[PDB]
Amino acid sequence: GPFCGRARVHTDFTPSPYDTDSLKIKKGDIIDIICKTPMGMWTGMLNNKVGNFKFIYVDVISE
């Protein structure tokens, strides 16, 4: 059911300055999908930094 590959950010999503539990992403940036969270948020890696991000701000594309 679930699809794995590359995730393209379509919406600029940035956590608060005191928020480190969330990964930082930017529109146009590509994040490698490694796992999905039951809640809905997707997990990926960015600049040797793995974390969770809002899927609503990220679109799944095929590379």
# chains A, B, ... in the order shown; residues from 1 in each chain; ligands from 1
$ residues_around --residues "residue A:60" --least-positions-apart "3" --cutoff "7 Å" --atoms "only C-alpha atoms" --output "CSV table (one decimal) with N, CA and C atoms, in the first residue's frame"
chain,number,residue,atom,x,y,z
A,6,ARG,N,11.3,9.3,-3.3
A,6,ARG,CA,11.7,10.7,-2.9
A,6,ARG,C,10.5,11.6,-2.7
A,7,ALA,N,10.6,12.4,-1.7
A,7,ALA,CA,9.5,13.3,-1.3
A,7,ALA,C,9.9,14.8,-1.7
A,8,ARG,N,9.0,15.5,-2.4
A,8,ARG,CA,9.3,16.8,-2.8
A,8,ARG,C,8.5,17.8,-2.0
$ residues_around --residues "stretch 15-29 of chain A" --least-positions-apart "5" --cutoff "7 Å" --atoms "only C-alpha atoms" --output "list in words"
residues 8, 9, 10, 51, 52 and 53 of chain A
$ residues_around --residues "residue A:33" --least-positions-apart "5" --cutoff "8 Å" --atoms "only C-alpha atoms" --output "ChimeraX atom specification"
/A:4-7,42-45
$ write_last_selection --atoms "N, CA, C and O atoms" --output "compact mmCIF listing (two decimals), in the first residue's frame"
# COMPACT_ATOMS: atom_id res chain seq x y z
N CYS A 4 7.36 4.21 -1.34
CA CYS A 4 8.64 4.73 -0.91
C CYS A 4 9.42 5.30 -2.09
O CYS A 4 9.27 4.84 -3.22
N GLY A 5 10.24 6.31 -1.82
CA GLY A 5 11.03 6.94 -2.87
C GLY A 5 11.53 8.31 -2.43
O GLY A 5 12.13 8.45 -1.36
N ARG A 6 11.28 9.32 -3.26
CA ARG A 6 11.71 10.68 -2.94
C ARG A 6 10.50 11.57 -2.67
O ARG A 6 9.48 11.47 -3.34
N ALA A 7 10.63 12.44 -1.67
CA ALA A 7 9.55 13.35 -1.31
C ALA A 7 9.92 14.79 -1.67
O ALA A 7 10.97 15.28 -1.27
N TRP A 42 5.50 12.08 7.76
CA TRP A 42 6.45 11.20 7.09
C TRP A 42 7.85 11.38 7.65
O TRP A 42 8.21 12.46 8.12
N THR A 43 8.64 10.31 7.60
CA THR A 43 10.01 10.35 8.10
C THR A 43 10.99 10.26 6.94
O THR A 43 10.81 9.45 6.02
N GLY A 44 12.04 11.09 6.99
CA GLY A 44 13.04 11.09 5.93
C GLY A 44 14.37 11.63 6.44
O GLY A 44 14.55 11.84 7.64
N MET A 45 15.31 11.84 5.52
CA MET A 45 16.63 12.35 5.89
C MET A 45 16.94 13.64 5.13
O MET A 45 16.51 13.83 4.00
$ closest_residue --among "A:12, A:61, A:47, A:55" --to "residue A:35" --atoms "only C-alpha atoms"
A:55
$ closest_residue --among "A:2, A:31, A:14, A:39" --to "residue A:58" --atoms "only C-alpha atoms"
A:31
